[PDB]
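The chain that follows stands alone, in the form deposited in one PDB entry, written as structure tokens.
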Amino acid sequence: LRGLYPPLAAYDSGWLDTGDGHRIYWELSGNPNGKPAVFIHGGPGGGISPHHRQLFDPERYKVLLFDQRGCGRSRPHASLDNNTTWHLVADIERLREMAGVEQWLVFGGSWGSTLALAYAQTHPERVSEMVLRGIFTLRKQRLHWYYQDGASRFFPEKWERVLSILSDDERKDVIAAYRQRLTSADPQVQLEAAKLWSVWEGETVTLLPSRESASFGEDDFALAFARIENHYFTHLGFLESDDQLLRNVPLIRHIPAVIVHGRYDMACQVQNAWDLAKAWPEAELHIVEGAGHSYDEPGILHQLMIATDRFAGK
């Protein structure tokens, strides 16, 4: 189809205690005995949404949605204690064993494409196919484009607000100036910065401006989102190799995949989708023209709904 499936209820939900201070939220909607699928939300620190359920066929898919760690209803709110790429990879497996799935489709866009890759490349037997979107491999060039010099040139008026709170010395490294504030003993300080990191993204993640970019300002979300995002970026996704994710594709090349990406996606450039495709020829790349970063862009949504329907009713 072109649009989302109609709204529906999760058939199950709960909290999985990780054992190191974390209790992660997880839903279960679709079909009990259907094709097992997992949704991997993006923007490190963003959270799942009821809309993420309407993205898969109700009668054919059993989708597992889960809040990441310190975000969403996942308990330890804004907790950056034991919250890295590799810890999250462990949570996907727990949820798998728990869910009782031996292998499933990994649906994840933006940061979720990152985690999808990082998970697929360490558990190649647990993914049947992958549907990636707005590819994000976490290379230094990519963090620099959205948080230092690049996206800035397209939203000069929006980036001045993000810079307003930084001293000139502090302006030569936005990511770090923001890690100070975000990890301030003072929380009013860390909320002022959190609201400025969040809104920047919510405002450049769509081609045309939408009113729903306001949600990124909301204190709680903005506190978790900003500090979790800046956390992972500060550690470079916790990968030791700028290109560990590209330079590790052979391990999953054998896995059916579809790659959707907006030509004008300002959060993660097309260059990432192309680079990954240039390395994974068996994957079907779809550079949707006239669109931005958000999954819900009409052109990106289409290809996503098409990939999903195909990967299930093959």
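Don't overthink the numbering: it's just position in the shown sequence, from 1.
The discussion below concerns the form solved in complex with a small molecule, not included here.
Interface residue remark: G43 is counted as part of the site for the small molecule in the deposited complex, having a heavy atom within 4.5 Å. At the 4.5 Å threshold, heavy atoms of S110 reach the small molecule in the deposited complex. Although the partner is absent here, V260 sits far enough away that none of its heavy atoms falls within 4.5 Å of the small molecule in the deposited complex.
Shown alone here, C268 lies within 4.5 Å of the small molecule in the deposited complex, counting heavy atoms only. For the candidate set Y178, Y147, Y232, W104, a heavy atom within 4.5 Å of the small molecule in the deposited complex is found for exactly one residue, namely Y147. Contact here is defined as any heavy atom lying within 4.5 Å of the small molecule in the deposited complex, and by that definition each of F136, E201 and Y295 is a contact residue. Heavy atoms within 4.5 Å of the small molecule in the deposited complex belong, among the stretches 70-78, 139-147, 187-195, 168-176, to residues of 139-147.
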